[PDB]
Every structure is written in structure tokens, then in C-alpha cells.
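Take a look at the structure below.
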Amino acid sequence: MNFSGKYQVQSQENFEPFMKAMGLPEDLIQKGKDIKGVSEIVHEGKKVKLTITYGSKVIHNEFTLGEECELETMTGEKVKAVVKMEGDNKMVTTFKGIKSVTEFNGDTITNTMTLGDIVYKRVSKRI
């Protein structure tokens, strides 16, 4: 059942374009592009807590629907974006031209971001 729990990062699209647009150069990405991570989410009314681990460093992403909250990226940059949450755990946040869609269906998670002009899709699977 979808709400909270651990869903592990398996794969993503544009882990380089996304980085390349935001600050990290593709070559710096290249050396470290396809890092596996783990996500642990706590579902509480409006307020969704996301724990996301990058290698050694776990980078948290806790936000309340309909609120400007600071998003900590897998890179390390934290940004204010207003994210709303459906209920069946759809998390959609908009910042400038950055569109982040997180949808949990059947305990399988797809995160889709658009960064600059880049289209990013991540597969996260519950453990």
C-alpha cells in the first residue's frame, strides 16, 4: 500500500543533463553518474518526509503539501519549491521552470523532473 516506507533508487534518466544544467559538469557526473541510493518516506497528513541516501550521505526531503519547502538535491543544493500532495501520494512541486512529479502507485515510485530543458525519470522500488 502506498503512503510511506523504503523505496530504493534503481535508475534515473538525465542524471547528467540535470547535473550539467544545475552546476555539476558532465565529466564530474561521468565519474560518479550512476550512484545507487535508498529512499525512506514517512507519510503524515500533508507533510511528507523523504529520506534519500546518496552513497555515504543521506539527504532528506521533508515538505508539507501546498507549502514552499526546501528541497535537498542528490547533489547537495537546497531550493525552495512549492509542492502539493494529492493524498494517494502524488507530490508535485513547481520552481521556476523546474517541474517535479512524484507518484506512488502499487509501491512503485516514478519521479519525473524537468530541469532547464532536460527530462528526468527515476525508478524507485520498495524494498
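Each chain in the C-alpha cells gets a letter, A, B and so on, in the order shown; residues start at 1 in every chain, and ligands are counted from 1 in the order they appear.
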Write down as a short mmCIF file (atom, residue, chain, number, x, y, z; two decimals) with N, CA and C atoms, in the first residue's frame the residues of chain A whose backbone DSSP state falls under strand (DSSP E).
data_model
loop_
_atom_site.label_atom_id
_atom_site.label_comp_id
_atom_site.auth_asym_id
_atom_site.auth_seq_id
_atom_site.Cartn_x
_atom_site.Cartn_y
_atom_site.Cartn_z
N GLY A 5 7.43 4.52 3.48
CA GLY A 5 8.27 3.34 3.50
C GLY A 5 9.53 3.51 2.70
N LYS A 6 10.29 2.44 2.58
CA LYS A 6 11.56 2.49 1.89
C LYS A 6 11.41 2.00 0.46
N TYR A 7 11.74 2.88 -0.46
CA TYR A 7 11.78 2.57 -1.86
C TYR A 7 13.18 2.90 -2.36
N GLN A 8 13.85 1.95 -2.97
CA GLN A 8 15.26 2.11 -3.25
C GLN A 8 15.44 2.68 -4.65
N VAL A 9 16.37 3.60 -4.79
CA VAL A 9 16.68 4.16 -6.08
C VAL A 9 17.40 3.12 -6.92
N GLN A 10 16.88 2.92 -8.12
CA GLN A 10 17.36 1.90 -9.01
C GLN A 10 18.04 2.53 -10.22
N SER A 11 17.37 3.51 -10.79
CA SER A 11 17.80 4.10 -12.05
C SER A 11 17.16 5.46 -12.26
N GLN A 12 17.84 6.32 -13.01
CA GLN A 12 17.27 7.61 -13.39
C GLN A 12 17.71 8.02 -14.78
N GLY A 37 20.95 4.71 -4.59
CA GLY A 37 20.53 5.36 -3.37
C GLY A 37 19.30 4.69 -2.80
N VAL A 38 18.94 5.04 -1.58
CA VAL A 38 17.76 4.46 -0.96
C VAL A 38 16.86 5.56 -0.45
N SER A 39 15.56 5.37 -0.58
CA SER A 39 14.60 6.35 -0.13
C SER A 39 13.69 5.78 0.94
N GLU A 40 13.53 6.52 2.02
CA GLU A 40 12.60 6.16 3.07
C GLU A 40 11.65 7.32 3.31
N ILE A 41 10.39 7.05 3.20
CA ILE A 41 9.39 8.10 3.28
C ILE A 41 8.46 7.88 4.46
N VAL A 42 8.15 8.96 5.15
CA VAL A 42 7.13 8.94 6.19
C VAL A 42 5.90 9.72 5.72
N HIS A 43 4.75 9.06 5.64
CA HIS A 43 3.54 9.73 5.19
C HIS A 43 2.71 10.17 6.37
N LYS A 47 2.14 16.45 5.31
CA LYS A 47 3.58 16.52 5.48
C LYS A 47 4.25 15.19 5.16
N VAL A 48 4.96 15.18 4.05
CA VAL A 48 5.67 14.00 3.60
C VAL A 48 7.16 14.15 3.88
N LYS A 49 7.72 13.14 4.52
CA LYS A 49 9.13 13.11 4.83
C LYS A 49 9.81 12.09 3.95
N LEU A 50 10.83 12.53 3.25
CA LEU A 50 11.54 11.67 2.32
C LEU A 50 12.98 11.58 2.74
N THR A 51 13.45 10.37 2.95
CA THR A 51 14.84 10.18 3.25
C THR A 51 15.50 9.59 2.02
N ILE A 52 16.53 10.22 1.52
CA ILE A 52 17.17 9.77 0.31
C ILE A 52 18.67 9.71 0.53
N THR A 53 19.23 8.55 0.33
CA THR A 53 20.62 8.32 0.63
C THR A 53 21.44 8.34 -0.66
N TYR A 54 22.51 9.11 -0.65
CA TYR A 54 23.45 9.14 -1.75
C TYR A 54 24.79 8.64 -1.25
N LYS A 57 26.13 9.75 2.14
CA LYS A 57 25.42 10.90 2.63
C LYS A 57 23.93 10.79 2.34
N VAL A 58 23.13 10.86 3.39
CA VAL A 58 21.69 10.82 3.26
C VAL A 58 21.14 12.22 3.30
N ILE A 59 20.40 12.53 2.27
CA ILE A 59 19.90 13.84 2.05
C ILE A 59 18.37 13.80 2.11
N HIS A 60 17.87 14.48 3.12
CA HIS A 60 16.45 14.45 3.49
C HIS A 60 15.62 15.44 2.67
N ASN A 61 14.36 15.10 2.43
CA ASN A 61 13.46 15.99 1.72
C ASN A 61 12.08 15.96 2.35
N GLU A 62 11.90 16.82 3.34
CA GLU A 62 10.66 16.88 4.08
C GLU A 62 9.88 18.12 3.72
N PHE A 63 8.63 17.92 3.35
CA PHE A 63 7.79 19.00 2.89
C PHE A 63 6.32 18.76 3.19
N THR A 64 5.58 19.84 3.35
CA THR A 64 4.14 19.78 3.54
C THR A 64 3.46 20.25 2.26
N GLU A 67 2.97 23.99 0.30
CA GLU A 67 3.91 24.81 1.04
C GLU A 67 5.23 24.94 0.30
N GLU A 68 5.85 26.10 0.43
CA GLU A 68 7.21 26.28 -0.03
C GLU A 68 8.14 25.64 0.96
N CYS A 69 8.85 24.68 0.48
CA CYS A 69 9.76 23.90 1.28
C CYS A 69 11.07 23.76 0.56
N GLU A 70 12.11 23.47 1.31
CA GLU A 70 13.42 23.42 0.73
C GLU A 70 13.82 22.01 0.39
N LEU A 71 14.08 21.85 -0.88
CA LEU A 71 14.38 20.57 -1.46
C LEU A 71 15.87 20.36 -1.49
N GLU A 72 16.32 19.30 -0.86
CA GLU A 72 17.73 18.98 -0.84
C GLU A 72 17.99 17.99 -1.95
N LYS A 78 19.99 22.90 -1.86
CA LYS A 78 18.64 23.01 -1.32
C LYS A 78 17.92 24.22 -1.91
N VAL A 79 16.71 24.00 -2.40
CA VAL A 79 15.95 25.05 -3.07
C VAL A 79 14.51 25.10 -2.60
N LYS A 80 13.95 26.29 -2.60
CA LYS A 80 12.56 26.48 -2.24
C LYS A 80 11.66 26.20 -3.42
N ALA A 81 10.75 25.28 -3.23
CA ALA A 81 9.74 25.00 -4.23
C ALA A 81 8.44 24.67 -3.54
N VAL A 82 7.33 25.07 -4.15
CA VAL A 82 6.04 24.77 -3.58
C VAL A 82 5.54 23.45 -4.11
N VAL A 83 5.45 22.49 -3.21
CA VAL A 83 5.00 21.15 -3.55
C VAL A 83 3.62 20.89 -2.96
N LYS A 84 2.73 20.33 -3.76
CA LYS A 84 1.44 19.89 -3.26
C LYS A 84 1.36 18.39 -3.34
N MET A 85 0.55 17.83 -2.48
CA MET A 85 0.43 16.39 -2.37
C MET A 85 -1.04 16.00 -2.41
N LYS A 90 0.82 11.65 -4.38
CA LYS A 90 1.31 12.33 -5.55
C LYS A 90 1.93 13.62 -5.07
N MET A 91 3.19 13.82 -5.35
CA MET A 91 3.88 15.02 -4.92
C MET A 91 4.36 15.78 -6.12
N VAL A 92 3.80 16.95 -6.31
CA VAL A 92 4.12 17.77 -7.45
C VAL A 92 4.57 19.14 -6.98
N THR A 93 5.78 19.53 -7.35
CA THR A 93 6.29 20.83 -6.96
C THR A 93 6.76 21.60 -8.17
N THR A 94 6.55 22.90 -8.13
CA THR A 94 6.95 23.77 -9.22
C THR A 94 7.90 24.85 -8.73
N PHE A 95 9.05 24.96 -9.38
CA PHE A 95 10.00 26.02 -9.09
C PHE A 95 10.59 26.57 -10.38
N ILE A 98 11.21 24.34 -13.24
CA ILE A 98 11.52 23.01 -12.75
C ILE A 98 10.25 22.34 -12.28
N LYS A 99 9.86 21.30 -12.98
CA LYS A 99 8.66 20.59 -12.64
C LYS A 99 9.00 19.22 -12.09
N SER A 100 8.63 18.98 -10.85
CA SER A 100 8.92 17.72 -10.20
C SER A 100 7.63 16.97 -9.90
N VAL A 101 7.51 15.78 -10.45
CA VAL A 101 6.34 14.94 -10.22
C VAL A 101 6.76 13.63 -9.58
N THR A 102 6.24 13.38 -8.39
CA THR A 102 6.45 12.12 -7.72
C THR A 102 5.12 11.40 -7.52
N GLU A 103 4.98 10.20 -8.07
CA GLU A 103 3.72 9.46 -7.96
C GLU A 103 3.97 8.05 -7.48
N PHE A 104 3.27 7.65 -6.43
CA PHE A 104 3.41 6.32 -5.89
C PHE A 104 2.21 5.47 -6.27
N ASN A 105 2.45 4.45 -7.07
CA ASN A 105 1.40 3.50 -7.43
C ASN A 105 1.87 2.07 -7.21
N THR A 108 5.39 1.16 -6.31
CA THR A 108 6.44 1.50 -7.24
C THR A 108 6.42 3.00 -7.52
N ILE A 109 7.58 3.62 -7.40
CA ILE A 109 7.67 5.06 -7.45
C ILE A 109 8.34 5.55 -8.72
N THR A 110 7.69 6.48 -9.40
CA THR A 110 8.31 7.16 -10.51
C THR A 110 8.44 8.64 -10.21
N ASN A 111 9.66 9.13 -10.20
CA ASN A 111 9.91 10.56 -10.04
C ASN A 111 10.34 11.15 -11.37
N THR A 112 9.60 12.14 -11.84
CA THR A 112 9.92 12.78 -13.10
C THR A 112 10.17 14.27 -12.89
N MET A 113 11.36 14.72 -13.25
CA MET A 113 11.70 16.12 -13.14
C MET A 113 12.05 16.68 -14.50
N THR A 114 11.78 17.94 -14.68
CA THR A 114 12.25 18.66 -15.83
C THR A 114 13.14 19.78 -15.33
N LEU A 115 14.39 19.76 -15.74
CA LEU A 115 15.37 20.69 -15.23
C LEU A 115 15.98 21.44 -16.41
N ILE A 118 15.85 19.56 -19.66
CA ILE A 118 16.17 18.14 -19.51
C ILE A 118 14.99 17.36 -18.90
N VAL A 119 14.76 16.14 -19.39
CA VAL A 119 13.65 15.33 -18.89
C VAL A 119 14.16 14.12 -18.09
N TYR A 120 13.86 14.11 -16.81
CA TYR A 120 14.44 13.13 -15.90
C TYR A 120 13.38 12.23 -15.30
N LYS A 121 13.57 10.94 -15.45
CA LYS A 121 12.68 9.95 -14.86
C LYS A 121 13.47 8.99 -14.00
N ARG A 122 13.02 8.79 -12.78
CA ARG A 122 13.67 7.89 -11.86
C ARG A 122 12.77 6.72 -11.48
N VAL A 123 13.36 5.54 -11.44
CA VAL A 123 12.67 4.37 -10.96
C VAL A 123 13.11 4.06 -9.53
N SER A 124 12.16 4.13 -8.62
CA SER A 124 12.38 3.78 -7.23
C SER A 124 11.43 2.66 -6.82
N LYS A 125 11.97 1.59 -6.24
CA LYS A 125 11.18 0.40 -5.93
C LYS A 125 11.23 0.08 -4.45
N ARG A 126 10.09 -0.28 -3.88
CA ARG A 126 10.02 -0.57 -2.45
C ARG A 126 10.79 -1.85 -2.14
#
inquiry  = Between CA of residue 27 in chain A and CA of residue 14 in chain A, what is the distance in Å, rounded to a tenth?
reply    = 13.6 Å
message = What does the structure give for the distance between CA of residue 107 in chain A and CA of residue 16 in chain A, in Å to one decimal?
response =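 Here the two named atoms are 26.7 Å from each other.
Backbone DSSP over chain A gives helix (DSSP H, G or I) for residues 17, 18, 19, 20, 21, 22, 26, 27, 28, 29, 30 and 31 of chain A.
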For the residues in the current selection, export N, CA, C and O atoms as a PDB file, in the first residue's frame.
ATOM      1  N   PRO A  17      22.500  15.607 -17.694  1.00  0.00           N
ATOM      2  CA  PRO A  17      21.889  16.866 -18.105  1.00  0.00           C
ATOM      3  C   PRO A  17      21.379  17.676 -16.936  1.00  0.00           C
ATOM      4  O   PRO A  17      21.536  18.894 -16.865  1.00  0.00           O
ATOM      5  N   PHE A  18      20.753  16.965 -16.032  1.00  0.00           N
ATOM      6  CA  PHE A  18      20.205  17.555 -14.827  1.00  0.00           C
ATOM      7  C   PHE A  18      21.320  18.192 -14.022  1.00  0.00           C
ATOM      8  O   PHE A  18      21.229  19.351 -13.623  1.00  0.00           O
ATOM      9  N   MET A  19      22.379  17.433 -13.811  1.00  0.00           N
ATOM     10  CA  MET A  19      23.556  17.948 -13.122  1.00  0.00           C
ATOM     11  C   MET A  19      24.186  19.085 -13.919  1.00  0.00           C
ATOM     12  O   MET A  19      24.542  20.127 -13.361  1.00  0.00           O
ATOM     13  N   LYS A  20      24.286  18.887 -15.230  1.00  0.00           N
ATOM     14  CA  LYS A  20      25.019  19.796 -16.098  1.00  0.00           C
ATOM     15  C   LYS A  20      24.360  21.169 -16.128  1.00  0.00           C
ATOM     16  O   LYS A  20      25.039  22.195 -16.176  1.00  0.00           O
ATOM     17  N   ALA A  21      23.037  21.187 -16.095  1.00  0.00           N
ATOM     18  CA  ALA A  21      22.297  22.432 -16.075  1.00  0.00           C
ATOM     19  C   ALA A  21      22.390  23.128 -14.716  1.00  0.00           C
ATOM     20  O   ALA A  21      22.476  24.355 -14.645  1.00  0.00           O
ATOM     21  N   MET A  22      22.391  22.338 -13.638  1.00  0.00           N
ATOM     22  CA  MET A  22      22.305  22.897 -12.289  1.00  0.00           C
ATOM     23  C   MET A  22      23.654  23.362 -11.749  1.00  0.00           C
ATOM     24  O   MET A  22      23.704  24.274 -10.921  1.00  0.00           O
ATOM     25  N   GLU A  26      29.199  17.469 -16.714  1.00  0.00           N
ATOM     26  CA  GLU A  26      29.027  16.098 -17.158  1.00  0.00           C
ATOM     27  C   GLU A  26      30.225  15.238 -16.827  1.00  0.00           C
ATOM     28  O   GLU A  26      30.031  14.136 -16.374  1.00  0.00           O
ATOM     29  N   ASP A  27      31.447  15.736 -16.993  1.00  0.00           N
ATOM     30  CA  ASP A  27      32.628  14.928 -16.663  1.00  0.00           C
ATOM     31  C   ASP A  27      32.671  14.616 -15.177  1.00  0.00           C
ATOM     32  O   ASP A  27      32.994  13.506 -14.796  1.00  0.00           O
ATOM     33  N   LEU A  28      32.274  15.557 -14.337  1.00  0.00           N
ATOM     34  CA  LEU A  28      32.218  15.285 -12.903  1.00  0.00           C
ATOM     35  C   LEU A  28      31.092  14.314 -12.631  1.00  0.00           C
ATOM     36  O   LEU A  28      31.187  13.462 -11.751  1.00  0.00           O
ATOM     37  N   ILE A  29      30.032  14.442 -13.406  1.00  0.00           N
ATOM     38  CA  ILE A  29      28.954  13.485 -13.370  1.00  0.00           C
ATOM     39  C   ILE A  29      29.438  12.113 -13.831  1.00  0.00           C
ATOM     40  O   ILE A  29      29.191  11.133 -13.181  1.00  0.00           O
ATOM     41  N   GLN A  30      30.184  12.072 -14.931  1.00  0.00           N
ATOM     42  CA  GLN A  30      30.606  10.819 -15.568  1.00  0.00           C
ATOM     43  C   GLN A  30      31.254   9.870 -14.582  1.00  0.00           C
ATOM     44  O   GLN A  30      30.928   8.685 -14.517  1.00  0.00           O
ATOM     45  N   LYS A  31      32.172  10.415 -13.820  1.00  0.00           N
ATOM     46  CA  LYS A  31      32.925   9.635 -12.852  1.00  0.00           C
ATOM     47  C   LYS A  31      32.002   9.075 -11.782  1.00  0.00           C
ATOM     48  O   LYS A  31      32.256   8.006 -11.221  1.00  0.00           O
TER      49      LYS A  31
END
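Between residue 117 in chain A and the candidates A:36, A:97, A:44, A:75, the tightest atom-to-atom separation, counting only C-alpha atoms, involves A:97.
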Among the residues A:88, A:33, A:45, A:77, the one that comes closest to residue 106 in chain A [using only C-alpha atoms] = A:88
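Between CA of residue 55 in chain A and CA of residue 4 in chain A lies a distance of 21.5 Å.
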task = Name the closest residue to residue 24 in chain A among the candidates A:89, A:66, A:127, A:76; distances are taken between atoms, counting only C-alpha atoms.
result = A:76
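Between residue 35 in chain A and the candidates A:87, A:74, A:2, A:23, the tightest atom-to-atom separation, counting only C-alpha atoms, involves A:74.
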